[PDB]
>>> print(open('my_file_15.txt').read())   # compact mmCIF, N, CA and C atoms
# COMPACT_ATOMS: atom_id res chain seq x y z
N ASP A 222 80.02 -0.37 47.23
CA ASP A 222 80.02 0.80 46.31
C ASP A 222 80.23 0.36 44.85
N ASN A 223 80.37 1.35 43.96
CA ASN A 223 80.61 1.04 42.55
C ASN A 223 82.02 0.50 42.36
N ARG A 224 82.95 0.86 43.24
CA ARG A 224 84.28 0.28 43.13
C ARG A 224 84.26 -1.19 43.50
N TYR A 225 83.48 -1.56 44.52
CA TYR A 225 83.41 -2.96 44.90
C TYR A 225 82.77 -3.81 43.81
N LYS A 226 81.68 -3.32 43.20
CA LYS A 226 81.09 -4.02 42.05
C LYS A 226 82.12 -4.28 40.95
N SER A 227 83.01 -3.31 40.68
CA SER A 227 84.06 -3.51 39.68
C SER A 227 85.00 -4.66 40.07
N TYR A 228 85.33 -4.77 41.37
CA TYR A 228 86.17 -5.88 41.84
C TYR A 228 85.46 -7.21 41.63
N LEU A 229 84.18 -7.27 42.00
CA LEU A 229 83.43 -8.49 41.79
C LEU A 229 83.34 -8.82 40.31
N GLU A 230 83.04 -7.83 39.47
CA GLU A 230 82.92 -8.13 38.04
C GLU A 230 84.23 -8.69 37.47
N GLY A 231 85.36 -8.14 37.90
CA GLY A 231 86.63 -8.61 37.35
C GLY A 231 86.96 -10.01 37.81
N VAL A 232 86.74 -10.31 39.10
CA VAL A 232 87.03 -11.66 39.57
C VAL A 232 86.11 -12.67 38.92
N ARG A 233 84.83 -12.33 38.79
CA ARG A 233 83.85 -13.24 38.16
C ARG A 233 84.37 -13.60 36.76
N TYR A 234 84.74 -12.59 36.02
CA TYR A 234 85.25 -12.71 34.65
C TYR A 234 86.44 -13.67 34.61
N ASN A 235 87.39 -13.45 35.48
CA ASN A 235 88.65 -14.23 35.45
C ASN A 235 88.45 -15.66 35.95
N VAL A 236 87.59 -15.86 36.94
CA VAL A 236 87.31 -17.20 37.44
C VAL A 236 86.56 -18.01 36.38
N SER A 237 85.57 -17.41 35.73
CA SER A 237 84.95 -18.07 34.57
C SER A 237 85.98 -18.46 33.52
N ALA A 238 86.88 -17.53 33.23
CA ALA A 238 87.94 -17.80 32.27
C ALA A 238 88.81 -18.95 32.72
N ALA A 239 89.16 -18.97 34.00
CA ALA A 239 89.99 -20.05 34.50
C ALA A 239 89.31 -21.40 34.35
N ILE A 240 88.00 -21.45 34.62
CA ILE A 240 87.28 -22.70 34.52
C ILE A 240 87.28 -23.16 33.07
N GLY A 241 87.14 -22.23 32.13
CA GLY A 241 87.33 -22.57 30.72
C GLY A 241 88.67 -23.22 30.44
N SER A 242 89.73 -22.71 31.07
CA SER A 242 91.07 -23.27 30.88
C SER A 242 91.13 -24.70 31.40
N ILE A 243 90.58 -24.91 32.59
CA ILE A 243 90.53 -26.24 33.26
C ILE A 243 89.76 -27.21 32.36
N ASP A 244 88.63 -26.78 31.79
CA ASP A 244 87.80 -27.62 30.93
C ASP A 244 88.55 -27.95 29.65
N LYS A 245 89.25 -26.96 29.10
CA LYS A 245 90.01 -27.09 27.86
C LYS A 245 91.13 -28.12 28.01
N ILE A 246 91.90 -28.00 29.08
CA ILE A 246 93.04 -28.88 29.27
C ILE A 246 92.57 -30.32 29.49
N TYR A 247 91.56 -30.49 30.34
CA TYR A 247 91.10 -31.86 30.69
C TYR A 247 90.55 -32.57 29.45
N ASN A 248 89.74 -31.85 28.73
CA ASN A 248 89.11 -32.39 27.52
C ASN A 248 90.19 -32.70 26.47
N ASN A 249 91.19 -31.82 26.35
CA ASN A 249 92.34 -32.01 25.42
C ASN A 249 93.04 -33.31 25.81
N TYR A 250 93.21 -33.55 27.12
CA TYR A 250 93.87 -34.78 27.61
C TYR A 250 93.03 -36.00 27.22
N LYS A 251 91.72 -35.94 27.49
CA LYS A 251 90.78 -37.05 27.17
C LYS A 251 90.91 -37.41 25.69
N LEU A 252 90.77 -36.43 24.79
CA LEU A 252 90.88 -36.64 23.32
C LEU A 252 92.26 -37.18 22.95
N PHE A 253 93.29 -36.65 23.55
CA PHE A 253 94.68 -37.07 23.32
C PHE A 253 94.77 -38.54 23.69
N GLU A 254 94.26 -38.90 24.86
CA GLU A 254 94.32 -40.29 25.30
C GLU A 254 93.53 -41.21 24.38
N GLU A 255 92.36 -40.76 23.92
CA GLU A 255 91.54 -41.58 23.02
C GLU A 255 92.26 -41.82 21.70
N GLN A 256 92.84 -40.75 21.13
CA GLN A 256 93.51 -40.84 19.84
C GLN A 256 94.81 -41.62 19.94
N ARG A 257 95.51 -41.49 21.06
CA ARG A 257 96.72 -42.27 21.27
C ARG A 257 96.41 -43.76 21.35
N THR A 258 95.36 -44.12 22.08
CA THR A 258 94.98 -45.52 22.17
C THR A 258 94.69 -46.09 20.79
N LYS A 259 93.88 -45.38 19.99
CA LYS A 259 93.61 -45.82 18.63
C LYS A 259 94.90 -45.98 17.85
N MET A 260 95.75 -44.97 17.88
CA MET A 260 96.96 -44.98 17.06
C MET A 260 97.85 -46.18 17.39
N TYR A 261 97.76 -46.79 18.57
CA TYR A 261 98.55 -47.96 18.92
C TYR A 261 97.71 -49.22 19.04
N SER A 262 96.46 -49.18 18.61
CA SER A 262 95.60 -50.34 18.77
C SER A 262 96.06 -51.47 17.86
N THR A 263 96.00 -52.68 18.39
CA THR A 263 96.27 -53.88 17.59
C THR A 263 95.08 -54.27 16.72
N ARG A 264 93.87 -53.80 17.05
CA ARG A 264 92.63 -54.21 16.36
C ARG A 264 92.19 -53.16 15.33
N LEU A 265 93.03 -52.18 15.00
CA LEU A 265 92.64 -51.18 14.02
C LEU A 265 93.64 -51.08 12.86
N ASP A 266 93.07 -50.80 11.67
CA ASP A 266 93.75 -50.77 10.36
C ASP A 266 94.55 -49.48 10.25
N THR A 267 95.42 -49.44 9.26
CA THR A 267 96.35 -48.33 9.05
C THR A 267 95.63 -47.01 8.77
N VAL A 268 94.54 -47.03 8.00
CA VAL A 268 93.80 -45.79 7.74
C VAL A 268 93.36 -45.17 9.06
N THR A 269 92.71 -45.96 9.90
CA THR A 269 92.23 -45.47 11.19
C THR A 269 93.39 -45.07 12.08
N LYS A 270 94.43 -45.91 12.15
CA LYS A 270 95.59 -45.59 12.98
C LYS A 270 96.23 -44.28 12.54
N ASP A 271 96.32 -44.11 11.21
CA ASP A 271 96.94 -42.91 10.59
C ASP A 271 96.17 -41.66 11.03
N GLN A 272 94.84 -41.67 10.88
CA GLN A 272 94.04 -40.52 11.27
C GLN A 272 94.23 -40.22 12.75
N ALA A 273 94.17 -41.26 13.59
CA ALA A 273 94.43 -41.07 15.01
C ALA A 273 95.80 -40.44 15.25
N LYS A 274 96.84 -40.95 14.58
CA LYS A 274 98.17 -40.40 14.77
C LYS A 274 98.20 -38.91 14.46
N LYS A 275 97.52 -38.51 13.38
CA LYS A 275 97.49 -37.10 12.99
C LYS A 275 96.78 -36.27 14.05
N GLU A 276 95.66 -36.77 14.58
CA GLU A 276 94.94 -36.03 15.61
C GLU A 276 95.72 -36.01 16.91
N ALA A 277 96.43 -37.10 17.23
CA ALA A 277 97.24 -37.13 18.45
C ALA A 277 98.43 -36.19 18.37
N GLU A 278 98.99 -36.01 17.18
CA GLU A 278 100.18 -35.19 17.03
C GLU A 278 99.89 -33.71 17.19
N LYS A 279 98.63 -33.33 17.31
CA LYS A 279 98.29 -31.93 17.48
C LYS A 279 98.40 -31.48 18.94
N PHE A 280 98.44 -32.41 19.88
CA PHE A 280 98.46 -32.06 21.30
C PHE A 280 99.89 -31.88 21.75
N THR A 281 100.39 -30.65 21.63
CA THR A 281 101.78 -30.33 21.93
C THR A 281 101.99 -29.99 23.41
N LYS A 282 103.23 -30.18 23.87
CA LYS A 282 103.57 -29.75 25.22
C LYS A 282 103.47 -28.24 25.36
N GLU A 283 103.75 -27.51 24.29
CA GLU A 283 103.73 -26.05 24.33
C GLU A 283 102.32 -25.51 24.52
N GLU A 284 101.33 -26.11 23.85
CA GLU A 284 99.96 -25.69 24.05
C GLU A 284 99.53 -25.92 25.50
N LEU A 285 99.90 -27.07 26.08
CA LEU A 285 99.55 -27.35 27.47
C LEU A 285 100.18 -26.33 28.40
N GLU A 286 101.48 -26.03 28.20
CA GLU A 286 102.16 -25.11 29.10
C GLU A 286 101.58 -23.71 28.98
N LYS A 287 101.24 -23.29 27.77
CA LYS A 287 100.62 -21.99 27.59
C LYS A 287 99.24 -21.97 28.23
N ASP A 288 98.50 -23.08 28.13
CA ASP A 288 97.18 -23.17 28.77
C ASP A 288 97.29 -23.05 30.28
N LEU A 289 98.31 -23.68 30.87
CA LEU A 289 98.47 -23.59 32.32
C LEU A 289 98.91 -22.19 32.71
N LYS A 290 99.74 -21.56 31.87
CA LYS A 290 100.13 -20.19 32.15
C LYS A 290 98.96 -19.23 32.10
N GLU A 291 98.09 -19.40 31.12
CA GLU A 291 96.87 -18.59 31.07
C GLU A 291 96.02 -18.81 32.32
N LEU A 292 95.85 -20.06 32.73
CA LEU A 292 95.11 -20.38 33.94
C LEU A 292 95.70 -19.67 35.14
N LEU A 293 97.03 -19.76 35.29
CA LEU A 293 97.67 -19.11 36.42
C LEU A 293 97.43 -17.62 36.39
N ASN A 294 97.49 -17.02 35.22
CA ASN A 294 97.41 -15.57 35.12
C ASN A 294 96.02 -15.09 35.54
N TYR A 295 94.97 -15.77 35.09
CA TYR A 295 93.61 -15.41 35.52
C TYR A 295 93.43 -15.56 37.04
N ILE A 296 93.98 -16.64 37.61
CA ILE A 296 93.82 -16.89 39.04
C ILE A 296 94.66 -15.92 39.85
N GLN A 297 95.90 -15.62 39.41
CA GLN A 297 96.73 -14.77 40.25
C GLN A 297 96.24 -13.33 40.25
N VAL A 298 95.69 -12.85 39.13
CA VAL A 298 95.10 -11.50 39.14
C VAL A 298 93.87 -11.47 40.05
N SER A 299 93.09 -12.53 40.03
CA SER A 299 91.88 -12.62 40.84
C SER A 299 92.22 -12.63 42.32
N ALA A 300 93.26 -13.39 42.70
CA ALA A 300 93.67 -13.49 44.09
C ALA A 300 94.08 -12.13 44.65
N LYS A 301 94.73 -11.32 43.84
CA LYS A 301 95.13 -9.99 44.27
C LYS A 301 93.93 -9.08 44.48
N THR A 302 93.00 -9.08 43.52
CA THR A 302 91.76 -8.32 43.67
C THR A 302 90.95 -8.81 44.86
N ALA A 303 90.98 -10.11 45.11
CA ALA A 303 90.17 -10.71 46.17
C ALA A 303 90.63 -10.30 47.57
N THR A 304 91.80 -9.68 47.72
CA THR A 304 92.14 -9.10 49.02
C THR A 304 91.04 -8.16 49.48
N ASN A 305 90.33 -7.54 48.53
CA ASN A 305 89.20 -6.66 48.86
C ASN A 305 88.00 -7.43 49.44
N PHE A 306 87.94 -8.75 49.26
CA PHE A 306 86.81 -9.52 49.77
C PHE A 306 87.00 -9.92 51.22
N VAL A 307 88.19 -9.71 51.78
CA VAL A 307 88.44 -9.94 53.18
C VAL A 307 87.47 -9.12 54.01
N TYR A 308 86.90 -9.75 55.03
CA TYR A 308 85.92 -9.14 55.91
C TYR A 308 84.63 -8.82 55.19
N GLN A 309 84.39 -9.40 54.02
CA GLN A 309 83.13 -9.20 53.31
C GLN A 309 82.48 -10.56 53.07
N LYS A 310 81.29 -10.58 52.47
CA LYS A 310 80.59 -11.85 52.30
C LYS A 310 81.35 -12.79 51.38
N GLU A 311 82.13 -12.26 50.43
CA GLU A 311 82.88 -13.09 49.48
C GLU A 311 84.24 -13.52 50.02
N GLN A 312 84.52 -13.27 51.31
CA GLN A 312 85.86 -13.51 51.84
C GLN A 312 86.39 -14.91 51.55
N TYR A 313 85.54 -15.94 51.66
CA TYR A 313 86.03 -17.31 51.46
C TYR A 313 86.76 -17.49 50.12
N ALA A 314 86.43 -16.66 49.12
CA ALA A 314 87.09 -16.77 47.83
C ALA A 314 88.58 -16.46 47.91
N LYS A 315 89.00 -15.55 48.81
CA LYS A 315 90.41 -15.14 48.83
C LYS A 315 91.32 -16.32 49.16
N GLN A 316 90.98 -17.08 50.19
CA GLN A 316 91.87 -18.18 50.56
C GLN A 316 91.91 -19.25 49.48
N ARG A 317 90.78 -19.53 48.84
CA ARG A 317 90.73 -20.58 47.83
C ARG A 317 91.53 -20.18 46.59
N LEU A 318 91.51 -18.89 46.22
CA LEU A 318 92.27 -18.47 45.05
C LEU A 318 93.77 -18.45 45.33
N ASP A 319 94.19 -17.97 46.50
CA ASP A 319 95.60 -18.05 46.88
C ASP A 319 96.11 -19.48 46.76
N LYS A 320 95.35 -20.41 47.30
CA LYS A 320 95.80 -21.80 47.30
C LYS A 320 95.80 -22.38 45.89
N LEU A 321 94.82 -22.02 45.07
CA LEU A 321 94.85 -22.47 43.68
C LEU A 321 96.08 -21.95 42.92
N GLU A 322 96.42 -20.68 43.13
CA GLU A 322 97.61 -20.10 42.53
C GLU A 322 98.83 -20.93 42.84
N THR A 323 99.02 -21.26 44.12
CA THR A 323 100.16 -22.09 44.51
C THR A 323 100.13 -23.43 43.78
N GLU A 324 98.95 -24.01 43.62
CA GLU A 324 98.81 -25.34 43.01
C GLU A 324 99.09 -25.30 41.53
N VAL A 325 98.68 -24.24 40.85
CA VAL A 325 98.91 -24.18 39.41
C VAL A 325 100.39 -23.91 39.13
N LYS A 326 101.05 -23.08 39.96
CA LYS A 326 102.51 -22.95 39.89
C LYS A 326 103.20 -24.33 39.95
N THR A 327 102.75 -25.19 40.84
CA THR A 327 103.32 -26.53 40.90
C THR A 327 103.10 -27.27 39.60
N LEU A 328 101.90 -27.20 39.03
CA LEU A 328 101.68 -27.89 37.76
C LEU A 328 102.58 -27.34 36.65
N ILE A 329 102.81 -26.03 36.61
CA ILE A 329 103.65 -25.53 35.53
C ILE A 329 105.07 -26.08 35.69
N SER A 330 105.56 -26.11 36.93
CA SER A 330 106.91 -26.62 37.30
C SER A 330 107.04 -28.07 36.84
N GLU A 331 105.95 -28.84 36.92
CA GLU A 331 105.88 -30.27 36.52
C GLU A 331 105.99 -30.38 35.00
N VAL A 332 105.16 -29.65 34.25
CA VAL A 332 105.10 -29.71 32.76
C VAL A 332 106.49 -29.43 32.18
N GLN A 333 107.22 -28.43 32.67
CA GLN A 333 108.61 -28.07 32.25
C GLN A 333 109.54 -29.28 32.40
N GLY A 334 109.46 -29.98 33.54
CA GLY A 334 110.28 -31.17 33.84
C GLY A 334 110.17 -32.23 32.75
N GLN A 335 108.95 -32.47 32.26
CA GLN A 335 108.65 -33.47 31.20
C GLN A 335 109.07 -32.90 29.84
N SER A 336 109.44 -33.77 28.89
CA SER A 336 109.88 -33.38 27.52
C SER A 336 108.86 -33.78 26.43
N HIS A 337 108.02 -34.80 26.63
CA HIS A 337 107.10 -35.24 25.59
C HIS A 337 105.65 -34.92 25.96
N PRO A 338 104.80 -34.67 24.96
CA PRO A 338 103.43 -34.21 25.27
C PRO A 338 102.64 -35.15 26.17
N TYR A 339 102.59 -36.44 25.84
CA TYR A 339 101.74 -37.34 26.60
C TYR A 339 102.18 -37.44 28.06
N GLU A 340 103.49 -37.51 28.30
CA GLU A 340 103.96 -37.62 29.68
C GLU A 340 103.72 -36.34 30.47
N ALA A 341 103.74 -35.19 29.80
CA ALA A 341 103.45 -33.93 30.49
C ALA A 341 102.00 -33.91 30.93
N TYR A 342 101.09 -34.27 30.02
CA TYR A 342 99.69 -34.41 30.38
C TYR A 342 99.51 -35.41 31.52
N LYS A 343 100.16 -36.57 31.40
CA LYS A 343 100.01 -37.59 32.42
C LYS A 343 100.54 -37.12 33.76
N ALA A 344 101.54 -36.24 33.77
CA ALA A 344 102.13 -35.84 35.04
C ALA A 344 101.26 -34.85 35.81
N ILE A 345 100.54 -34.01 35.06
CA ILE A 345 99.77 -32.84 35.57
C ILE A 345 98.27 -33.12 35.78
N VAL A 346 97.62 -34.04 35.05
CA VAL A 346 96.21 -34.31 35.27
C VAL A 346 96.15 -35.42 36.32
N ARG A 347 96.38 -35.05 37.57
CA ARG A 347 96.32 -35.97 38.70
C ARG A 347 95.50 -35.32 39.82
N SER A 348 95.76 -35.75 41.06
CA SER A 348 94.86 -35.45 42.16
C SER A 348 94.53 -33.97 42.25
N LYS A 349 95.56 -33.11 42.28
CA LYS A 349 95.25 -31.72 42.58
C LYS A 349 94.60 -31.03 41.39
N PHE A 350 95.03 -31.37 40.16
CA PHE A 350 94.36 -30.85 38.97
C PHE A 350 92.88 -31.22 38.97
N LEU A 351 92.57 -32.45 39.38
CA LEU A 351 91.20 -32.96 39.28
C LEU A 351 90.29 -32.43 40.38
N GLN A 352 90.79 -31.63 41.30
CA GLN A 352 89.94 -30.92 42.23
C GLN A 352 89.86 -29.43 41.90
N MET A 353 90.61 -28.96 40.90
CA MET A 353 90.66 -27.53 40.65
C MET A 353 89.34 -26.98 40.15
N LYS A 354 88.72 -27.65 39.18
CA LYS A 354 87.42 -27.15 38.71
C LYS A 354 86.45 -27.02 39.86
N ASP A 355 86.39 -28.03 40.73
CA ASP A 355 85.47 -27.96 41.86
C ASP A 355 85.80 -26.79 42.74
N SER A 356 87.10 -26.54 42.98
CA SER A 356 87.44 -25.41 43.85
C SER A 356 87.08 -24.10 43.19
N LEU A 357 87.31 -23.97 41.89
CA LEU A 357 86.96 -22.72 41.23
C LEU A 357 85.45 -22.54 41.21
N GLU A 358 84.70 -23.65 41.17
CA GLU A 358 83.24 -23.52 41.19
C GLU A 358 82.75 -23.08 42.56
N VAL A 359 83.44 -23.51 43.62
CA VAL A 359 83.17 -22.98 44.96
C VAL A 359 83.39 -21.47 44.97
N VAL A 360 84.52 -21.03 44.43
CA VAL A 360 84.77 -19.59 44.32
C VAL A 360 83.65 -18.90 43.54
N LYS A 361 83.30 -19.45 42.37
CA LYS A 361 82.24 -18.86 41.56
C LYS A 361 80.96 -18.70 42.37
N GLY A 362 80.60 -19.72 43.15
CA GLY A 362 79.39 -19.63 43.95
C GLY A 362 79.47 -18.55 45.01
N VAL A 363 80.67 -18.31 45.54
CA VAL A 363 80.84 -17.28 46.57
C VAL A 363 80.72 -15.90 45.98
N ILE A 364 81.25 -15.70 44.76
CA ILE A 364 81.35 -14.36 44.21
C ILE A 364 80.22 -14.00 43.28
N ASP A 365 79.40 -14.96 42.85
CA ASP A 365 78.34 -14.69 41.88
C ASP A 365 77.07 -15.42 42.30
N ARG A 366 76.25 -14.75 43.11
CA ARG A 366 75.04 -15.32 43.69
C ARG A 366 73.81 -14.50 43.33
N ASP A 367 72.69 -15.20 43.14
CA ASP A 367 71.42 -14.55 42.85
C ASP A 367 70.41 -14.72 43.97
N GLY A 368 70.89 -15.07 45.14
CA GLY A 368 70.03 -15.27 46.26
C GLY A 368 70.87 -15.80 47.40
N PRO A 369 70.20 -16.27 48.44
CA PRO A 369 70.92 -16.75 49.62
C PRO A 369 71.74 -17.99 49.34
N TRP A 370 72.67 -18.24 50.26
CA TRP A 370 73.42 -19.47 50.36
C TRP A 370 72.59 -20.43 51.18
N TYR A 371 72.04 -21.43 50.53
CA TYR A 371 71.11 -22.31 51.18
C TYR A 371 71.92 -23.47 51.76
>>> encode(input="my_file_15.txt", output="structure tokens")
Amino acid sequence: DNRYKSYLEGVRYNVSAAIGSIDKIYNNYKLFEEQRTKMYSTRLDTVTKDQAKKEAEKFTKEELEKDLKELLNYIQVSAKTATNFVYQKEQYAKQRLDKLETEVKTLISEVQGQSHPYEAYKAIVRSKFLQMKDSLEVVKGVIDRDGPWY
């Protein structure tokens, strides 16, 4: 019905948003790591090291924690709406979102434990983080299709 379409539209919206968060954090980590390496390089001059230090100092622990909180919020709202997908073609999305919610809660718990930006990033971009985009893309494929599942 039209109510079900509204549920699909909202989950699609939030899962896309979550994937944006996953892409943002990972890329922020990559850039942070690149700039940190430069800033401590033995083969680079002070001008270059200085610029790297300035770019590295922008990656705060607070931005990461807020990014993970945003990610959790999009996923947890989606998981609740996805109860409606039980016994429907999109059902597989419900279990995957519940499990992602649990996993992102763990990452937030990790980031709080750490005090410095680089170590917080290093603690959270590991095995389970690095499968999250793939899992959300599985969800996306379940909830937003333009033809059969081949």
>>> atom_distance(input="my_file_15.txt", atom1="CA of residue 297 in chain A", atom2="CA of residue 243 in chain A")
14.8 Å
>>> residues_around(input="my_file_15.txt", residues="range 276-278 of chain A", least_positions_apart="6", cutoff="6.5 Å", atoms="all atoms listed in the file", output="PyMOL selection string")
chain A and resi 253+256-257
>>> write_last_selection(input="my_file_15.txt", atoms="N, CA and C atoms", output="short mmCIF file (atom, residue, chain, number, x, y, z; two decimals), in the frame of the given file")
data_model
loop_
_atom_site.label_atom_id
_atom_site.label_comp_id
_atom_site.auth_asym_id
_atom_site.auth_seq_id
_atom_site.Cartn_x
_atom_site.Cartn_y
_atom_site.Cartn_z
N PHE A 253 93.29 -36.65 23.55
CA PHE A 253 94.68 -37.07 23.32
C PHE A 253 94.77 -38.54 23.69
N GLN A 256 92.84 -40.75 21.13
CA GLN A 256 93.51 -40.84 19.84
C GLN A 256 94.81 -41.62 19.94
N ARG A 257 95.51 -41.49 21.06
CA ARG A 257 96.72 -42.27 21.27
C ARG A 257 96.41 -43.76 21.35
#
>>> closest_residue(input="my_file_15.txt", among="A:303, A:240, A:252, A:314", to="residue 351 in chain A", atoms="only C-alpha atoms")
A:240
>>> atom_distance(input="my_file_15.txt", atom1="CA of residue 331 in chain A", atom2="CA of residue 289 in chain A")
10.8 Å
>>> closest_residue(input="my_file_15.txt", among="A:322, A:260, A:307, A:366", to="residue 294 in chain A", atoms="only N, CA and C atoms")
A:322
>>> closest_atom_pairs(input="my_file_15.txt", of="range 251-368 of chain A", to="range 229-236 of chain A", cutoff="7 Å", atoms="only N, CA and C atoms", output="tab-separated table")
residue	atom	partner	partner_atom	distance
A:295	C	A:235	C	5.1
A:296	N	A:235	C	5.9
A:298	C	A:232	CA	6.9
A:299	CA	A:232	CA	5.1
A:303	N	A:232	CA	7.0
A:357	CA	A:236	CA	6.7
A:361	CA	A:236	CA	6.7
A:364	C	A:233	CA	6.3
A:365	N	A:233	CA	6.7
>>> residues_near_point(input="my_file_15.txt", point="(89.2, -25.5, 31.5)", cutoff="12 Å", atoms="only C-alpha atoms", output="ChimeraX atom specification")
/A:235-250,285,288-289,291-293,295,346,350-351,353-355,357-358
>>> write_last_selection(input="my_file_15.txt", atoms="N, CA and C atoms", output="short mmCIF file (atom, residue, chain, number, x, y, z; two decimals), in the frame of the given file")
data_model
loop_
_atom_site.label_atom_id
_atom_site.label_comp_id
_atom_site.auth_asym_id
_atom_site.auth_seq_id
_atom_site.Cartn_x
_atom_site.Cartn_y
_atom_site.Cartn_z
N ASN A 235 87.39 -13.45 35.48
CA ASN A 235 88.65 -14.23 35.45
C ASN A 235 88.45 -15.66 35.95
N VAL A 236 87.59 -15.86 36.94
CA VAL A 236 87.31 -17.20 37.44
C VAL A 236 86.56 -18.01 36.38
N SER A 237 85.57 -17.41 35.73
CA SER A 237 84.95 -18.07 34.57
C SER A 237 85.98 -18.46 33.52
N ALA A 238 86.88 -17.53 33.23
CA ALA A 238 87.94 -17.80 32.27
C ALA A 238 88.81 -18.95 32.72
N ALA A 239 89.16 -18.97 34.00
CA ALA A 239 89.99 -20.05 34.50
C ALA A 239 89.31 -21.40 34.35
N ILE A 240 88.00 -21.45 34.62
CA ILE A 240 87.28 -22.70 34.52
C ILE A 240 87.28 -23.16 33.07
N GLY A 241 87.14 -22.23 32.13
CA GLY A 241 87.33 -22.57 30.72
C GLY A 241 88.67 -23.22 30.44
N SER A 242 89.73 -22.71 31.07
CA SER A 242 91.07 -23.27 30.88
C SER A 242 91.13 -24.70 31.40
N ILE A 243 90.58 -24.91 32.59
CA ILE A 243 90.53 -26.24 33.26
C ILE A 243 89.76 -27.21 32.36
N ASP A 244 88.63 -26.78 31.79
CA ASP A 244 87.80 -27.62 30.93
C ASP A 244 88.55 -27.95 29.65
N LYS A 245 89.25 -26.96 29.10
CA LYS A 245 90.01 -27.09 27.86
C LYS A 245 91.13 -28.12 28.01
N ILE A 246 91.90 -28.00 29.08
CA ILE A 246 93.04 -28.88 29.27
C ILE A 246 92.57 -30.32 29.49
N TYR A 247 91.56 -30.49 30.34
CA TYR A 247 91.10 -31.86 30.69
C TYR A 247 90.55 -32.57 29.45
N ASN A 248 89.74 -31.85 28.73
CA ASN A 248 89.11 -32.39 27.52
C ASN A 248 90.19 -32.70 26.47
N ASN A 249 91.19 -31.82 26.35
CA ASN A 249 92.34 -32.01 25.42
C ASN A 249 93.04 -33.31 25.81
N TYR A 250 93.21 -33.55 27.12
CA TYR A 250 93.87 -34.78 27.61
C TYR A 250 93.03 -36.00 27.22
N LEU A 285 99.90 -27.07 26.08
CA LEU A 285 99.55 -27.35 27.47
C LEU A 285 100.18 -26.33 28.40
N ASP A 288 98.50 -23.08 28.13
CA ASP A 288 97.18 -23.17 28.77
C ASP A 288 97.29 -23.05 30.28
N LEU A 289 98.31 -23.68 30.87
CA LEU A 289 98.47 -23.59 32.32
C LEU A 289 98.91 -22.19 32.71
N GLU A 291 98.09 -19.40 31.12
CA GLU A 291 96.87 -18.59 31.07
C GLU A 291 96.02 -18.81 32.32
N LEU A 292 95.85 -20.06 32.73
CA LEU A 292 95.11 -20.38 33.94
C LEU A 292 95.70 -19.67 35.14
N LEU A 293 97.03 -19.76 35.29
CA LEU A 293 97.67 -19.11 36.42
C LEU A 293 97.43 -17.62 36.39
N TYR A 295 94.97 -15.77 35.09
CA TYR A 295 93.61 -15.41 35.52
C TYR A 295 93.43 -15.56 37.04
N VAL A 346 97.62 -34.04 35.05
CA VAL A 346 96.21 -34.31 35.27
C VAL A 346 96.15 -35.42 36.32
N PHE A 350 95.03 -31.37 40.16
CA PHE A 350 94.36 -30.85 38.97
C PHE A 350 92.88 -31.22 38.97
N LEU A 351 92.57 -32.45 39.38
CA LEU A 351 91.20 -32.96 39.28
C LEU A 351 90.29 -32.43 40.38
N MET A 353 90.61 -28.96 40.90
CA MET A 353 90.66 -27.53 40.65
C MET A 353 89.34 -26.98 40.15
N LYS A 354 88.72 -27.65 39.18
CA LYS A 354 87.42 -27.15 38.71
C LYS A 354 86.45 -27.02 39.86
N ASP A 355 86.39 -28.03 40.73
CA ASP A 355 85.47 -27.96 41.86
C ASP A 355 85.80 -26.79 42.74
N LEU A 357 87.31 -23.97 41.89
CA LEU A 357 86.96 -22.72 41.23
C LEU A 357 85.45 -22.54 41.21
N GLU A 358 84.70 -23.65 41.17
CA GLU A 358 83.24 -23.52 41.19
C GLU A 358 82.75 -23.08 42.56
#
>>> residues_around(input="my_file_15.txt", residues="residue 333 in chain A", least_positions_apart="4", cutoff="12 Å", atoms="only C-alpha atoms", output="ChimeraX atom specification")
/A:282-283,285-287,289-290,326-329,337-338,340-342,344-345
>>> select_by_dssp(input="my_file_15.txt", residues="range 249-346 of chain A", states="helix (DSSP H, G or I)", output="NGL selection string")
:A and (249-260 or 267-277 or 282-306 or 313-334 or 338-345)
>>> atom_distance(input="my_file_15.txt", atom1="atom C of residue 281 in chain A", atom2="atom N of residue 317 in chain A")
29.7 Å
>>> residues_around(input="my_file_15.txt", residues="residue 370 in chain A", least_positions_apart="6", cutoff="12 Å", atoms="only C-alpha atoms", output="ChimeraX atom specification")
/A:310-311,359,362-364
>>> closest_residue(input="my_file_15.txt", among="A:255, A:367, A:222, A:324", to="residue 280 in chain A", atoms="only C-alpha atoms")
A:255
